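In the form deposited without its partner chain, a lone chain appears below as structure tokens.
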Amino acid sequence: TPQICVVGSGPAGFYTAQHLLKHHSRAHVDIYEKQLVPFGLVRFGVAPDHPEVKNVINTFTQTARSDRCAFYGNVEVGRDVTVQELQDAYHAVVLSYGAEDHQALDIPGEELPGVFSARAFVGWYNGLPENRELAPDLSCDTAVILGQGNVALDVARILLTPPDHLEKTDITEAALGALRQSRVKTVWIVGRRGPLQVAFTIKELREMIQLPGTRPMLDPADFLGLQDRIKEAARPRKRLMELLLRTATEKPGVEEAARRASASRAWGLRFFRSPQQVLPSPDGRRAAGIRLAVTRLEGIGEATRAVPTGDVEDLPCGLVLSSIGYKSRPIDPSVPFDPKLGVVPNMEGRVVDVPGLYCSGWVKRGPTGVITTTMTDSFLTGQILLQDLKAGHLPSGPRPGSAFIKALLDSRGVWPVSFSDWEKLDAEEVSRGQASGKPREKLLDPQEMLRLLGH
């Protein structure tokens, strides 16, 4: 009986466990997670107004209910148990811990109150325990978001959606409250390159264009030479550039021009600007604006880069959301790590120079890609592992698995959360939502969570 374990319970951990159980009839798989509950970014990242994306949880639940799979919540690898200890107890270990940081802006004024990263803002409305006291100040009337990817569109969208539409979703009661009292009425999404280089996709661009109660603000002159610099383009991108182009140079209708007429809120895209400094309010207590540098594009195809002209533009606002990407961090200094790419160095999932040690997901390929991309790349890691198994390259001797790790957890006084234990937490979340008609009301205090379980 082979013993294997995974580090992290988001999509890379679970899709890696499903492949192993299906193609090896006796292997046992244990999954370790630092949060008390499973699923990663499917629960704490995907927006609450996107319930259909979260349906992969059903396939995860089936994997976890199998008799050769076990879950161990509330365990922080590299702190409560080290990577070397798991390497000694199992025949193989799979690092799937994602990317827990945000890329920093690194400019004068970033520390001023009213400045936040998108990732801290998303964790706030999604119920991630460490951000439950974020208390963003929504009493200003303008918000500026830096960077143009799908993450930037999701915070602009929760900021501008009429609060009643968010009513029946799983958003936090506390975040819902605060959005009801917000004065934010204008949102700007600022990029350093031009339209041709945006990072978001079409389903997401189109929901923004149609968001009830709002209107779009695109400038006609940023869009010159578009419809020509896109002759040779492939279906995907060209379609996207024509939705942006339509929306920015074509006359609405009698109805659509009137929807735009009575809308209390507005959102716009800005091009050729780069974050230079956050401006302080007269007495310094908060943020009052952002000073952007003017830029010009030099280079060809993908590979184009933005260069500065020497000019500047000051933009007033009371809320700055930094959305220029996430980033992985080293977990345990015994583990290799490349600080330039933000990944664990590897060759098709094999950690460089570390027999028995593998990787899956964002920590294996970088912090980009959707759930389906994470899924199939995880299937690849699992194939390489099972072939290394069958050919005899893993420890050819009996290994204890959880019998040994559980003895250490006990001694250090760490209480692991099992899947049946999650089934209970899950049920309490469901009944707590029953009165307000939400699918659930998320539990946010770890201490209370442990209490509801009997400790």
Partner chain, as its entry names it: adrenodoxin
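Numbering follows the first chain given and starts at 1. Between two forms, the rigid core is defined as the largest C-alpha subset superposing within 1.5 Å.
Taking the mean of the C-alpha B-factors per stretch from the entry, tell me the winner out of 52-60 and 29-37.
On average, C-alpha B-factors are higher across 52-60.
So which stretch wins on mean C-alpha B-factor, 303-311 or 165-173?
Per the PDB entry, the higher value belongs to 303-311.
Select one of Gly361, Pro275, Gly382, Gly73: the residue whose C-alpha shows the highest B-factor in the crystal structure entry.
Across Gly361, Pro275, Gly382, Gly73, the entry lists the biggest C-alpha B-factor for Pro275.
From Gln148, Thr368, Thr249, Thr201, pick the one with the largest CA B-factor in the entry?
Each of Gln148, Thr368, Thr249, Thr201 was compared by C-alpha B-factor; the highest is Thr249.
Sort the modelled residues of this chain by their C-alpha B factor and say whether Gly413 lands in the lowest, middle or highest third.
According to the entry, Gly413 has a C-alpha B-factor in the chain's middle third.
Should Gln434 be placed in the lowest, middle or highest third of its chain by the C-alpha B factor in the entry?
It belongs to the highest third of the chain when residues are ordered by C-alpha B-factor.
Splitting the chain's C-alpha B-factors into thirds, which one does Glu348 fall into?
For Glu348, the deposited C-alpha B-factor lands in the lowest third.
Ordered by C-alpha B-factor within the chain, which third holds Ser66? Give me lowest, middle or highest, please.
Its C-alpha B-factor belongs to the middle third of this chain's values.
Is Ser328 in the lowest, middle or highest third of its chain when residues are ranked by C-alpha B-factor?
Within its chain, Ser328 is a middle-third residue by C-alpha B-factor, going by the deposited values.
Not on display, but discussed next: the form solved in complex with its partner chain.
Quick check on this chain: which one of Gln197, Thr249, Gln84, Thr201 has a heavy atom within 4.5 Å of its partner chain in the deposited bound form?
Partner contact (heavy atom, 4.5 Å) among the options: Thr201.
Just one of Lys340, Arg296, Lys231, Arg235 has a heavy atom within 4.5 Å of its partner chain in the deposited bound form. Which one?
In short, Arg235.
Evaluate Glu348 for contact with its partner chain in the deposited bound form, applying a 4.5 angstroms cut-off between non-hydrogen atoms, and reply yes or no.
Output for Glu348 is yes: heavy atoms within 4.5 Å of its partner chain.
Are any of the heavy atoms in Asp67 no more than 4.5 Å from a heavy atom of its partner chain in the deposited bound form?
Result no; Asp67 lies far from its partner chain in the deposited bound form.
Taking its partner chain as it sits in the deposited bound form, is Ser420 in contact with it (heavy atom to heavy atom, 4.5 Å or less)?
Heavy-atom contact with its partner chain at 4.5 Å: absent for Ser420.
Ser262: heavy atom within 4.5 Å of its partner chain in the deposited bound form?
No, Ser262 sits far enough from its partner chain in the deposited bound form that none of its heavy atoms falls within 4.5 Å.
In the deposited bound form, do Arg43, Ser139 and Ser431 all put a heavy atom within 4.5 Å of its partner chain?
Heavy-atom distance to its partner chain in the deposited bound form: none of the three under 4.5 Å.
Heavy atoms within 4.5 Å of its partner chain in the deposited bound form: which stretch in 216-224, 364-372, 172-180, 131-139 meets that?
Stretch with heavy atoms near the partner: 364-372.
Listing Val77, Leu176, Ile230, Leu128 as candidates, which single one shows a C-alpha movement of 2 Å or greater between this form and the one not shown when the core is held fixed?
Among the listed residues, the outlier is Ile230.
Any chance the CA of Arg206 moves 2 angstroms or more between this form and the one not shown, core superposed?
Superposed on the core, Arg206 moves its C-alpha less than 2 Å between this form and the one not shown.
Once you overlay the rigid core, does the Cα of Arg329 travel 2 Å or further between this form and the one not shown?
No, because once the rigid core is superposed, the C-alpha of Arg329 moves less than 2 Å between this form and the one not shown.
Core aligned, does the CA of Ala261 move at least 2 Å between this form and the one not shown?
No, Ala261 moves less than 2 Å.
With a C-alpha distance change of 3 Å or more, do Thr304 and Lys340 lie closer or farther in the deposited bound form?
Closer together, which means the C-alphas of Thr304 and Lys340 are at least 3 Å nearer in the deposited bound form.
Looking in the deposited bound form, decide if the C-alpha atoms of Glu302 and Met217 are closer or farther than in the form shown; they differ by 3 Å or more.
Relative to this form, farther apart in the deposited bound form.
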